[PDB]
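Containing PDB, C-alpha atoms and all ligand atoms: input_1.pdb.
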ATOM      1  CA  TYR I   1     109.033 111.626  74.633
ATOM      2  CA  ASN I   2     110.950 110.584  71.496
ATOM      3  CA  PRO I   3     108.581 109.957  68.569
ATOM      4  CA  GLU I   4     111.394 107.909  66.963
ATOM      5  CA  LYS I   5     111.390 105.538  70.032
ATOM      6  CA  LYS I   6     107.839 105.117  71.460
ATOM      7  CA  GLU I   7     108.081 102.871  74.607
ATOM      8  CA  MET I   8     105.360 100.149  74.646
ATOM      9  CA  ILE I   9     105.108  96.759  76.459
ATOM     10  CA  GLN I  10     104.160  93.329  75.032
ATOM     11  CA  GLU I  11     102.449  90.560  77.067
ATOM     12  CA  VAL I  12     104.434  87.255  76.816
ATOM     13  CA  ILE I  13     103.774  83.928  78.634
ATOM     14  CA  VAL I  14     106.845  82.692  80.603
ATOM     15  CA  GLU I  15     107.946  79.414  78.842
ATOM     16  CA  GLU I  16     110.391  78.418  81.695
ATOM     17  CA  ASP I  17     110.539  79.070  85.503
ATOM     18  CA  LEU I  18     112.572  82.372  85.945
ATOM     19  CA  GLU I  19     115.544  82.911  88.346
ATOM     20  CA  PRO I  20     114.332  83.869  91.870
ATOM     21  CA  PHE I  21     114.733  87.579  92.894
ATOM     22  CA  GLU I  22     114.557  89.353  96.297
ATOM     23  CA  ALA I  23     111.682  91.746  97.223
ATOM     24  CA  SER I  24     109.863  93.193 100.306
ATOM     25  CA  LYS I  25     107.219  91.022 102.028
ATOM     26  CA  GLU I  26     104.619  93.641 100.906
ATOM     27  CA  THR I  27     105.773  93.398  97.222
ATOM     28  CA  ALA I  28     106.164  89.581  97.234
ATOM     29  CA  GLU I  29     102.555  89.260  98.564
ATOM     30  CA  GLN I  30     101.445  91.625  95.730
ATOM     31  CA  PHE I  31     103.141  89.308  93.139
ATOM     32  CA  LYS I  32     101.492  86.255  94.766
ATOM     33  CA  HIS I  33      98.074  87.987  94.759
ATOM     34  CA  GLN I  34      98.359  88.611  90.973
ATOM     35  CA  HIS I  35      99.942  85.320  89.790
ATOM     36  CA  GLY I  36      98.575  82.738  92.292
ATOM     37  CA  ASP I  37      99.881  79.230  91.324
ATOM     38  CA  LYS I  38     102.282  80.794  88.798
ATOM     39  CA  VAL I  39     104.640  82.389  91.415
ATOM     40  CA  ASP I  40     106.164  81.036  94.655
ATOM     41  CA  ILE I  41     107.204  83.451  97.427
ATOM     42  CA  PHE I  42     109.293  82.313 100.429
ATOM     43  CA  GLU I  43     110.492  84.290 103.477
ATOM     44  CA  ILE I  44     114.327  84.511 103.592
ATOM     45  CA  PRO I  45     114.801  83.596 107.266
ATOM     46  CA  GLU I  46     117.877  85.900 107.896
ATOM     47  CA  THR I  47     116.891  89.143 106.048
ATOM     48  CA  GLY I  48     113.081  88.931 106.547
ATOM     49  CA  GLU I  49     112.855  89.829 102.791
ATOM     50  CA  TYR I  50     111.196  87.289 100.374
ATOM     51  CA  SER I  51     112.400  85.369  97.281
ATOM     52  CA  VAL I  52     109.993  85.585  94.236
ATOM     53  CA  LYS I  53     110.164  82.639  91.753
ATOM     54  CA  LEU I  54     107.946  83.507  88.722
ATOM     55  CA  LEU I  55     106.857  80.090  87.295
ATOM     56  CA  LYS I  56     106.205  78.774  83.771
ATOM     57  CA  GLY I  57     102.729  79.947  82.640
ATOM     58  CA  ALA I  58     103.042  83.363  84.364
ATOM     59  CA  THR I  59     102.542  86.531  82.233
ATOM     60  CA  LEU I  60     105.389  89.115  81.839
ATOM     61  CA  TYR I  61     105.413  92.514  80.083
ATOM     62  CA  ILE I  62     108.565  93.010  77.950
ATOM     63  CA  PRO I  63     109.254  96.611  76.860
ATOM     64  CA  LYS I  64     109.478  97.153  73.051
ATOM     65  CA  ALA I  65     109.827 100.311  70.891
ATOM     66  CA  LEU I  66     107.824 101.747  67.945
ATOM     67  CA  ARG I  67     109.134 104.256  65.358
ATOM     68  CA  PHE I  68     106.404 106.951  64.924
ATOM     69  CA  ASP I  69     106.206 109.246  61.830
ATOM     70  CA  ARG I  70     105.069 112.576  63.430
ATOM     71  CA  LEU I  71     108.520 114.027  64.263
ATOM     72  CA  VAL I  72     107.472 117.750  64.249
ATOM     73  CA  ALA I  73     105.239 120.009  66.413
ATOM     74  CA  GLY I  74     104.718 123.724  67.145
ATOM     75  CA  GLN I  75     106.412 123.900  70.552
ATOM     76  CA  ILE I  76     106.680 126.788  73.052
ATOM     77  CA  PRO I  77     110.242 128.156  72.659
ATOM     78  CA  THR I  78     112.917 125.948  74.314
ATOM     79  CA  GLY I  79     113.899 127.510  77.690
ATOM     80  CA  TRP I  80     110.372 128.743  78.545
ATOM     81  CA  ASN I  81     109.982 128.398  82.340
ATOM     82  CA  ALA I  82     106.989 129.429  84.507
ATOM     83  CA  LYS I  83     109.684 130.448  87.054
ATOM     84  CA  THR I  84     110.911 133.329  84.826
ATOM     85  CA  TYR I  85     107.267 134.672  84.819
ATOM     86  CA  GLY I  86     107.307 134.567  88.683
ATOM     87  CA  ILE I  87     105.348 131.304  89.343
ATOM     88  CA  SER I  88     106.512 129.458  92.526
ATOM     89  CA  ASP I  89     108.138 125.959  92.513
ATOM     90  CA  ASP I  90     105.211 124.742  94.682
ATOM     91  CA  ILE I  91     102.668 125.770  91.969
ATOM     92  CA  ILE I  92     104.809 124.235  89.173
ATOM     93  CA  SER I  93     105.001 120.799  90.857
ATOM     94  CA  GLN I  94     101.241 120.784  91.859
ATOM     95  CA  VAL I  95      99.711 121.764  88.534
ATOM     96  CA  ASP I  96      99.524 120.308  84.927
ATOM     97  CA  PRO I  97     101.812 122.282  82.533
TER
ATOM     98  CA  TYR S   1      87.619  95.567  87.095
ATOM     99  CA  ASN S   2      87.912  93.902  90.529
ATOM    100  CA  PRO S   3      88.760  96.466  93.233
ATOM    101  CA  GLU S   4      89.957  93.514  95.375
ATOM    102  CA  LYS S   5      92.565  92.635  92.652
ATOM    103  CA  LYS S   6      93.859  95.852  90.979
ATOM    104  CA  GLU S   7      96.355  94.808  88.194
ATOM    105  CA  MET S   8      99.578  96.892  88.217
ATOM    106  CA  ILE S   9     103.092  96.220  86.801
ATOM    107  CA  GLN S  10     106.466  96.721  88.555
ATOM    108  CA  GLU S  11     109.745  97.556  86.752
ATOM    109  CA  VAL S  12     112.510  95.017  87.669
ATOM    110  CA  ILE S  13     116.085  94.768  86.261
ATOM    111  CA  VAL S  14     116.839  91.286  84.806
ATOM    112  CA  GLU S  15     119.600  89.788  87.110
ATOM    113  CA  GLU S  16     120.394  86.834  84.702
ATOM    114  CA  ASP S  17     120.104  86.338  80.873
ATOM    115  CA  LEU S  18     116.512  84.981  80.201
ATOM    116  CA  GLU S  19     115.627  81.881  78.093
ATOM    117  CA  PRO S  20     115.292  82.802  74.370
ATOM    118  CA  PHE S  21     111.719  83.024  72.904
ATOM    119  CA  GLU S  22     110.433  83.094  69.276
ATOM    120  CA  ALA S  23     108.821  86.256  67.752
ATOM    121  CA  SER S  24     108.141  87.878  64.311
ATOM    122  CA  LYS S  25     110.999  89.795  62.628
ATOM    123  CA  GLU S  26     108.879  92.997  63.090
ATOM    124  CA  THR S  27     108.464  92.332  66.874
ATOM    125  CA  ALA S  28     112.087  91.160  67.428
ATOM    126  CA  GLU S  29     113.324  94.422  65.791
ATOM    127  CA  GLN S  30     110.956  96.362  68.126
ATOM    128  CA  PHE S  31     112.530  94.601  71.193
ATOM    129  CA  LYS S  32     116.041  95.351  69.838
ATOM    130  CA  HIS S  33     115.088  99.020  69.217
ATOM    131  CA  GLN S  34     114.009  99.391  72.892
ATOM    132  CA  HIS S  35     116.732  97.355  74.683
ATOM    133  CA  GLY S  36     119.797  97.830  72.412
ATOM    134  CA  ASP S  37     122.857  96.044  73.977
ATOM    135  CA  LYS S  38     120.559  94.330  76.525
ATOM    136  CA  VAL S  39     118.790  92.011  73.989
ATOM    137  CA  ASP S  40     120.110  89.830  71.131
ATOM    138  CA  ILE S  41     117.838  88.910  68.195
ATOM    139  CA  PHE S  42     118.805  86.259  65.612
ATOM    140  CA  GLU S  43     116.995  85.092  62.450
ATOM    141  CA  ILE S  44     115.963  81.399  62.699
ATOM    142  CA  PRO S  45     117.133  80.322  59.224
ATOM    143  CA  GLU S  46     114.331  77.696  58.598
ATOM    144  CA  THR S  47     111.192  79.492  59.947
ATOM    145  CA  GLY S  48     112.236  83.093  59.087
ATOM    146  CA  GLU S  49     111.025  83.980  62.650
ATOM    147  CA  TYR S  50     113.588  85.415  65.183
ATOM    148  CA  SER S  51     114.853  84.255  68.625
ATOM    149  CA  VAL S  52     114.848  87.038  71.339
ATOM    150  CA  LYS S  53     117.406  86.649  74.195
ATOM    151  CA  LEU S  54     116.691  89.354  76.826
ATOM    152  CA  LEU S  55     120.079  89.909  78.583
ATOM    153  CA  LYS S  56     121.121  90.718  82.163
ATOM    154  CA  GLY S  57     120.593  94.472  82.754
ATOM    155  CA  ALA S  58     117.412  94.650  80.611
ATOM    156  CA  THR S  59     114.208  96.027  82.230
ATOM    157  CA  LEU S  60     111.045  93.825  82.554
ATOM    158  CA  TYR S  61     107.547  94.661  83.854
ATOM    159  CA  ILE S  62     106.214  91.959  86.238
ATOM    160  CA  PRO S  63     102.454  92.100  86.895
ATOM    161  CA  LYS S  64     101.438  92.491  90.600
ATOM    162  CA  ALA S  65      98.064  93.124  92.346
ATOM    163  CA  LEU S  66      96.748  95.653  94.911
ATOM    164  CA  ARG S  67      93.745  95.139  97.244
ATOM    165  CA  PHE S  68      91.724  98.435  97.027
ATOM    166  CA  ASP S  69      89.203  99.535  99.735
ATOM    167  CA  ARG S  70      86.359 101.069  97.601
ATOM    168  CA  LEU S  71      84.324  97.882  96.962
ATOM    169  CA  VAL S  72      80.918  99.605  96.371
ATOM    170  CA  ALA S  73      79.425 101.935  93.697
ATOM    171  CA  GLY S  74      75.997 103.084  92.449
ATOM    172  CA  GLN S  75      75.851 101.042  89.235
ATOM    173  CA  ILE S  76      73.246 101.011  86.429
ATOM    174  CA  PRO S  77      71.126  97.868  87.021
ATOM    175  CA  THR S  78      72.857  94.602  85.970
ATOM    176  CA  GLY S  79      71.503  93.550  82.532
ATOM    177  CA  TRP S  80      71.120  97.103  81.173
ATOM    178  CA  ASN S  81      71.886  96.923  77.420
ATOM    179  CA  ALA S  82      71.772  99.767  74.826
ATOM    180  CA  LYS S  83      70.476  97.015  72.475
ATOM    181  CA  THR S  84      67.195  96.673  74.434
ATOM    182  CA  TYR S  85      66.639 100.479  73.906
ATOM    183  CA  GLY S  86      67.142  99.949  70.117
ATOM    184  CA  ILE S  87      70.787 101.119  69.649
ATOM    185  CA  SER S  88      72.651  99.163  66.896
ATOM    186  CA  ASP S  89      75.725  96.925  67.546
ATOM    187  CA  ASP S  90      77.726  99.274  65.241
ATOM    188  CA  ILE S  91      76.991 102.286  67.523
ATOM    189  CA  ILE S  92      77.773 100.256  70.694
ATOM    190  CA  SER S  93      81.235  99.178  69.448
ATOM    191  CA  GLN S  94      82.148 102.700  68.094
ATOM    192  CA  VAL S  95      81.174 104.812  71.092
ATOM    193  CA  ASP S  96      82.244 105.161  74.816
ATOM    194  CA  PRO S  97      79.581 103.655  77.164
TER
ATOM    195  CA  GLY Z   1     100.133 103.708 115.817
ATOM    196  CA  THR Z   2      98.292 106.419 117.899
ATOM    197  CA  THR Z   3      98.492 110.310 117.520
ATOM    198  CA  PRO Z   4      97.982 113.408 119.780
ATOM    199  CA  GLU Z   5      94.555 115.238 119.763
ATOM    200  CA  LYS Z   6      95.316 117.788 116.927
ATOM    201  CA  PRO Z   7      98.623 116.682 115.283
ATOM    202  CA  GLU Z   8      98.278 119.282 112.428
ATOM    203  CA  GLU Z   9      98.533 122.198 115.000
ATOM    204  CA  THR Z  10     101.408 120.573 117.080
ATOM    205  CA  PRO Z  11     104.923 121.734 115.944
ATOM    206  CA  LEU Z  12     107.019 118.740 114.659
ATOM    207  CA  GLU Z  13     109.654 119.128 117.511
ATOM    208  CA  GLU Z  14     106.753 118.542 120.027
ATOM    209  CA  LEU Z  15     105.007 115.742 117.954
ATOM    210  CA  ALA Z  16     108.433 113.908 118.020
ATOM    211  CA  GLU Z  17     108.589 113.894 121.900
ATOM    212  CA  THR Z  18     104.972 112.481 122.216
ATOM    213  CA  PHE Z  19     105.806 109.634 119.712
ATOM    214  CA  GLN Z  20     109.242 109.133 121.495
ATOM    215  CA  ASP Z  21     107.416 108.204 124.803
ATOM    216  CA  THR Z  22     105.732 105.118 123.110
ATOM    217  CA  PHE Z  23     108.353 104.446 120.289
ATOM    218  CA  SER Z  24     110.517 101.226 120.328
ATOM    219  CA  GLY Z  25     113.055 102.632 117.761
ATOM    220  CA  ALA Z  26     111.767 100.079 115.133
ATOM    221  CA  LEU Z  27     110.983 101.422 111.605
ATOM    222  CA  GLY Z  28     107.209 100.526 111.351
ATOM    223  CA  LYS Z  29     104.988  99.842 108.290
ATOM    224  CA  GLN Z  30     105.140 103.244 106.397
ATOM    225  CA  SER Z  31     108.967 103.865 106.625
ATOM    226  CA  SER Z  32     109.656 100.182 105.620
ATOM    227  CA  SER Z  33     107.302 100.450 102.539
ATOM    228  CA  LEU Z  34     109.073 103.683 101.308
ATOM    229  CA  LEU Z  35     112.630 102.215 101.844
ATOM    230  CA  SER Z  36     111.577  99.008  99.928
ATOM    231  CA  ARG Z  37     110.327 101.257  97.032
ATOM    232  CA  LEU Z  38     113.510 103.485  97.147
ATOM    233  CA  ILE Z  39     115.768 100.362  96.777
ATOM    234  CA  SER Z  40     113.527  98.404  94.290
ATOM    235  CA  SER Z  41     112.983 101.512  92.006
ATOM    236  CA  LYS Z  42     116.253 103.614  92.390
ATOM    237  CA  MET Z  43     119.071 100.955  92.946
ATOM    238  CA  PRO Z  44     120.762  99.075  90.041
ATOM    239  CA  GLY Z  45     119.839  95.429  89.153
ATOM    240  CA  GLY Z  46     120.727  92.990  92.000
ATOM    241  CA  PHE Z  47     121.501  95.805  94.558
ATOM    242  CA  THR Z  48     118.882  94.594  97.164
TER
ATOM    243  CA  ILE O   1     130.838 100.752 116.425
ATOM    244  CA  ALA O   2     128.094 101.693 119.030
ATOM    245  CA  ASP O   3     124.413 101.125 117.888
ATOM    246  CA  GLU O   4     121.566 103.701 118.336
ATOM    247  CA  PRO O   5     117.891 103.080 117.389
ATOM    248  CA  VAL O   6     116.532 105.910 115.092
ATOM    249  CA  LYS O   7     114.958 108.837 117.076
TER
HETATM  250 NA    NA P 101      96.255 121.641  86.662
HETATM  251 NA    NA P 102      86.676 101.005  93.229
HETATM  252 NA    NA P 103      84.115 100.981  72.043
HETATM  253 NA    NA P 104      81.671 108.409  72.665
END
Starting from the file, lay out its structure as C-alpha cells.
Ligand code: NA
Ligand code: NA
Ligand code: NA
Ligand code: NA
Amino acid sequence: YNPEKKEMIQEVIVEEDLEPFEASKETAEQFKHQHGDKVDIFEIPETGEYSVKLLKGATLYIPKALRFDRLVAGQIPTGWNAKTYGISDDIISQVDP
Amino acid sequence: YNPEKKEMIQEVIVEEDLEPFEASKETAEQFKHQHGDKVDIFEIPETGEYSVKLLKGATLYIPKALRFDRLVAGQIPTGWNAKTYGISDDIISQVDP
Amino acid sequence: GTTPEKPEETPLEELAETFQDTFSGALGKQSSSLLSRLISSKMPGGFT
Amino acid sequence: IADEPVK
C-alpha cells in the first residue's frame, strides 16, 4: 500500500479490435462467456492453446492511480514478526494479521 | 448477481502499443501516474482533453466469466420492498439492505 | 479420475502406485489449469 | 534426447 499511489481501474469501451493474444482453452472460454459477440476465440491447431481477439465494443479495465492525502498512521514498530514471539509459519500464512 | 456468469478480471501484459483514446486531463494524469514509461499522454491543443496511448509492457485487466455451481438460495419473497412497510426512500438509499 | 477407498490415510508413495496402474502419463485437467495460471500470471508479456 | 511421460 502506498497512499501516494492508490491503484484503481477504470472501465473503458474498446474503440478498435485489439491484437489477438494466446491463452488456455479454459481461459479463452471464460473470456468468450463474459464478452459473447465482442470476443472471438479460435483453437490454434498445433499448440492446442487458443487465440483471443477482443473486438470493438468490448469493455476493458485500465489501471490508473490516485494520490491520497492520509500519508501517516500509528504503525506497529517496523520489524515486528509473529515468528520472534514463537508463532509457526503455518499459523502466520493461515490467519489474518 | 448471476451465479452462472460470475464477472472476474484477469491481468494481461499488453503485447503491442494500443490505439490512443481521449480522456480528461485529470484522468490522463491518473493513467500516467500508474503506468509511468508504459503510457504516453498528450494535450489535444483544440479540445484541452488528452490522448492516452497505453504502450507495450503496460498491464490491462480483461473481464472474464466463471460458471459457479451454487444456483439456489433461500431468498426473501420477490417483490419485498422496505417502501411497502413505510420506510422512506432516503433511508433505503443510505443504509445496507 | 478415480481414487482408492480412503486416500487421506494412504501414504503418498502408495497412492502414486495405484494411480500409476491406470495413468496414461498425460497431464489431466487440474495440472493443466495450474500450469496455464503459472505462465499467464508469472511469465513476462508475450512469454506463452 | 529420450522422452519419458511424467510419473
Ligand atoms: Na484470522
Ligand atoms: Na451463489
Ligand atoms: Na445504499
Ligand atoms: Na446499514
*Output the residue selection produced by the PyMOL selection byres (((not hetatm)) within 7 of (chain P and resi 104)) on the file above, formatted as a list in words.*
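Output from the PyMOL selection byres (((not hetatm)) within 7 of (chain P and resi 104)), applied to this file: residues 95, 96 and 97 of chain S.
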_Atomic distance CA of residue 20 (chain Z) - CA of residue 2 (chain O), expressed in Å with one decimal_ =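 That distance, rounded to one decimal, is 20.4 Å.
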*Write down, as a ChimeraX atom specification, each residue of chain Z that has any atom within 12 Å of an atom of chain S, counting all atoms listed in the file.*
/Z:37,39-48
*asked:* Please identify all residues of chain I having at least one atom at most 10 Å from any atom of chain S, considering only C-alpha atoms, and return them as number ranges by chain.
replied: I: 4-21, 27-35, 54, 58-67
Give me the box for chain O as JSON, namely the centre and edge lengths in Å to one decimal of a box along x, y and z that holds every listed atom plus 3 Å on each side.
{"center_x": 122.9, "center_y": 104.8, "center_z": 117.1, "size_x": 21.9, "size_y": 14.1, "size_z": 9.9}
*What lies within 9 Å of residue 48 (chain S) using only C-alpha atoms, ignoring chain neighbours under 3 positions off, as a list in words?*
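Non-adjacent residues within range: residues 24, 25, 43, 44 and 45 of chain S.
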*Quick one: everything within 9 Å of residue 7 (chain O), counting all atoms listed in the file, minus sequence neighbours fewer than 4 positions away in the same chain. Send it as a ChimeraX atom specification.*
/Z:16,20,23,25
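For the pair CA of residue 50 (chain I) and CA of residue 38 (chain Z), the interatomic distance is 16.7 Å.
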*List the residues matched by the PyMOL selection byres (((not hetatm)) within 7 of (chain P and resi 102)) in the displayed structure as a PyMOL selection string, ordered by chain and then by residue number.*
chain S and resi 3+68+70-72
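The residues returned by the PyMOL selection byres ((chain O) within 9 of (chain Z)) on the shown structure are residues 4, 5, 6 and 7 of chain O.
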*In Å, rounded to a single decimal, give me how far CA of residue 38 (chain I) is from CA of residue 22 (chain I).*
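CA of residue 38 (chain I) lies at a distance of 16.7 Å from CA of residue 22 (chain I).
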*Shortest interatomic distance to ligand NA 103 (chain P) - which of S:93, S:73, S:83, S:88, counting only C-alpha atoms and all ligand atoms*: S:93
*Would you list the contacts of residue 6 (chain Z) as a list in words, taking every protein, DNA or RNA residue within 12 Å and counting all atoms listed in the file, but skipping same-chain residues closer than 6 positions in sequence?*
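Neighbouring residues, sequence-local ones excluded: residues 12, 14 and 15 of chain Z.
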Any chance you could export the current selection's C-alpha atoms as a PDB file, in the coordinates of the input?
ATOM      1  CA  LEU Z  12     107.019 118.740 114.659  1.00  0.00           C
ATOM      2  CA  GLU Z  14     106.753 118.542 120.027  1.00  0.00           C
ATOM      3  CA  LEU Z  15     105.007 115.742 117.954  1.00  0.00           C
TER       4      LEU Z  15
END
